[PDB]
Structures are given as structure tokens and as C-alpha cells.
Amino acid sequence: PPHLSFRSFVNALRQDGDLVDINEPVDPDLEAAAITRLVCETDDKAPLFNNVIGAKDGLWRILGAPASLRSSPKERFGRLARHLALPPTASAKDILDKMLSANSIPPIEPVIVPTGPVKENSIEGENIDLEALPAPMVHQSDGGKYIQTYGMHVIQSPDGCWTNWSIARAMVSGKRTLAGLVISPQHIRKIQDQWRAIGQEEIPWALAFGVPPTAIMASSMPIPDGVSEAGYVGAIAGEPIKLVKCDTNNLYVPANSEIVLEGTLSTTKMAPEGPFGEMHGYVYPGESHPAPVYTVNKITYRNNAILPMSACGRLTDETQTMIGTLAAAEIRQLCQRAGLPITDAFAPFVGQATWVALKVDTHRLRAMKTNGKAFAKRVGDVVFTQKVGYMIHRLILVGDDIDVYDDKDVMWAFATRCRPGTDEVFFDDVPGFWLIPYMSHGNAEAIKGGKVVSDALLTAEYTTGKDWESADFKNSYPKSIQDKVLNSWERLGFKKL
């Protein structure tokens, strides 16, 4: 099924009329990404480049915008829903609820198969030349060809028991090497550091492109420390992921992956990495920074293999539909397990994946007999001292009349219920996400502080209750008047609602 096979998923998008088959030659040097970028900025159909200039022996086609938005408001999240066995009409809440569903139920462990489509073709050792493959130039000022924007890194702990799946960028650095981000507090870096501590120079690693869509979603989600994503993915799907062992190492990859790289992640060697047009909408031309080296020793791939590509940057791409939103999901769960009265969380698109809005159960809040200043500090202390809060710099607390999945409602609440400064608690001492330009290119420490909890609950919401009515059609007119207007609307000559 589509959630368990990238190839099935591609056909599901084609069946939905959410995919353009581009059969004309497209240059992987900027042209494919430029098409993808414009799809993302216009919420168009996903582009499938079936004729990439420089492709050879089945490597490769490219799918752009694999989890970007559709333009129909009723199926806006449909391409995300097709990762997860949900209907194209699924809400953002439906998607986040499904991704959280595995945190309260036993894992469904993966099953092993002896082969699969990912073994249909191979290139090994000296025959590998990554600079001769059609890796895309994703933005004109990038420091290299970002082959890795939507694949899953596979890496296992020294005791063999924790295998982490995650997305982190990587670019081609040479004939047999990539360089890519391995940053604190991410699990790929935690495991890298476990190996470094016991003296391992080259860690077994694999990078799988075009994995089962449920697996790429979990790869982007900050599920708990020491939890192998494979079993979590199985529990989301209600059935196991079928894995096949790598040929050159003891790691396992999904048997129907499009393309797998087998090799090592170094503890000892770094190489210039970046710059890269990133999730906040910026590239800094000429600004590389050292990152770890991955060495590729074998490539295996499906016939007619497809490389997925996120041309990330300004709204709206995978970095905002998945990174911020899946962090929001985990922040919601963390707040609930801290005892805070949070029902829902989302990462508003306007915040460029740096904001999370938290919806408060105000009945429960009133029973907890607190106040905004105390509550805002407690929420920040809970969230900003945990990994799931790392990338988020502004938390907005809103009452339960605000739809946190609607950026218009969040902005209205923020602008009219949070007195600037007075109703905010600032956090100078917590880990800060250096990739945001106001952090690495700003006025204070790149890696520390710069966070805020904004209390956008009005004072009476903590005590006696909501005492206003919205000046809107829904709340300032009685049902009898609303029904009269809706029944007259089109006859009078107004646009269908």
C-alpha cells in the first residue's frame, strides 16, 4: 500500500491527480529544483522528473515536493495524508494524531526478508563516482549538490539495540564521500558520539532514499531517545516494515527502498559542508562549516529508481509541513505528560517552523488555579529544556476558542491577547537553534537563548472564564439570524460560501 512503498505512493499521487510526469529532459543542475521550488510556492502538483539529464543505468528519476501542500483547501494536506494511510481530506490534526498514535501502543517490530526491489541493481567500490551521478543543485548558492534532502539515515548504537532513522541534509563532497549535518541534540549525533567514546573511527551507516512513506515521516519526528523508529513505524501502520540486510554491513534497510547507500559515518574526519538554502528561507553564499564525512562503499537500487528531493526555503515545503509540525506534535505530548492542560499544538506556517501554538483546556486551567505569568514560565521550562523543543523559539499559549491549526486564529489571539513584554517570559539560558538567522547571524550567542513563551490567554481565562464574545458572524449574531443570512446568501447575489 502507498504508506508502505514509495513506488506505490508515487502512483497514489498520480491516481489523485497530484503528480505531473515530466518526460522532457530536465537538468538536475538547478532546473529540477527551480520547478520544485515554484510548485512549493504555489501549492501545485508534485513534479516527477522521469528524464533527468545525466541519468545512467536507472540512476535516477527525481520526485520533487514529496510532502508539500495541495491547492484545494479541502485536500490541502493530501500529499502528507498519502504518507500515512489517511484520506486526502485529512486535517493537520488527523496527521499529527496518527503520528503520535504509536507512542501509547507496543511497537510492531520489523520483519526480515532475504531480498527486495532495492537489490535489483548495484554499483560497488571503485565503480562508484558520486560526482558523475545526477545529484541536484538545489539552490544556486549551495556549497554542493544536495543528493540528500529526503532520505533516511540508518545508524545503530554500539550495543546493537537502538537503530535510529532520521533525515539530515548531505551533499556530495567527492567521488566516494558526502558531507552532512550531524548536530546536537539529534539522535544521529548522540549515536555518533557513543561510537566516538569507544574509539570507533568509521561507524556502519546506510542512507535509504524513497523509503516507505510512514518511515520518512517518523524519520522527521523527534520520537523518544533510544526508541528505534522501525517499531514505531510498524505501530503507526499496524503491520511490520519489511527490511533487508545491507550487503556490505550488518544494518537493515526497507526492502522496497528506491536507492540505498551503504558505508560509514566518520568520528574523525570532517569536510566543508554547506551553505544550503534552508528551512527558514535563507542561504548564506560562501558560508561553509565543517561537517562529518560519510563514505559510500556500495549503492543498491530499484529498476527505474526515484530520488526524492525537498527544494526547501520560503513557504511551503517539507521543512515546514513536517519539521515544525512533528515537533509540535511531540511538544503537545510532552506538555500533557508534564501535567499541563494542553489539548493540541501546531507550528503555524507564518512562524517559518520556529513557532508552536499550544491550545489550552481552559476548564482544566481554571481548576489548576494559576496565572499567565507563572504558567508561561512553567511551559517554557517544560519544553525548552527538552530535545523536542530545540528548534522552536516562540510558544504561543491560546485558549480553546482558538483553532491552533489556523494561522489566522493564532495571529488574532497573539496580536490581541498577549501584551508585548508584560505577558511574555523570555529564556536566555536554554539551547537555541543556531540555524535561525537571528541566532547565528544575530546580536547574541548563536547556540543559547532567544526563546519566549507568549501568554495569549486573557487574564479572566485563568480565573472566572471567558467574558467576551467575538465580533464575527459566528459569535455576534444569533443562530436564527445566521440561518436567515445563509439561506438568502446566493439568491441575493453573494458568492457561494
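Start at 1 with the first residue shown and count on from there.
Asker: Could you settle it for me: does 406 to 414 or 103 to 111 have the higher average Cα B factor in the PDB entry?
Answerer: Per the PDB entry, the higher value belongs to 103 to 111.
Asker: Which is higher on average in the deposited entry, the C-alpha temperature factors of 125 to 133 or of 397 to 405?
Answerer: Here the higher of the two C-alpha B-factor means belongs to 125 to 133.
Asker: With respect to the C-alpha temperature factors reported in the PDB entry, which of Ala67, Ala456, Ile62, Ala444 ranks highest?
Answerer: Of the candidates given, the C-alpha B-factor peaks at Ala444.
Asker: Between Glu239, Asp381, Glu258, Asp317, which carries the biggest CA temperature factor in the record?
Answerer: Of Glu239, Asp381, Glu258, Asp317, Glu239 has the highest C-alpha B-factor.
Asker: What third of its chain, lowest, middle or highest, does the C-alpha temperature factor of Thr370 fall into?
Answerer: Ranked within chain, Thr370 CA B lands in the highest tercile.
Asker: Is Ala235 in the lowest, middle or highest third of its chain when residues are ranked by C-alpha B-factor?
Answerer: Ranked within chain, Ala235 CA B lands in the highest tercile.
Asker: Ranked by Cα temperature factor within the chain, is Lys451 in the lowest third, the middle third or the highest third?
Answerer: It belongs to the lowest third of the chain when residues are ordered by C-alpha B-factor.
Asker: Based on the deposited C-alpha B factors for this chain, I'd like to know if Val26 is in the lowest, middle or highest third.
Answerer: It falls in the top third of the chain.
Asker: Sort the modelled residues of this chain by their C-alpha B factor and say whether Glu330 lands in the lowest, middle or highest third.
Answerer: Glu330: CA B-factor falls in the lowest third of its chain.
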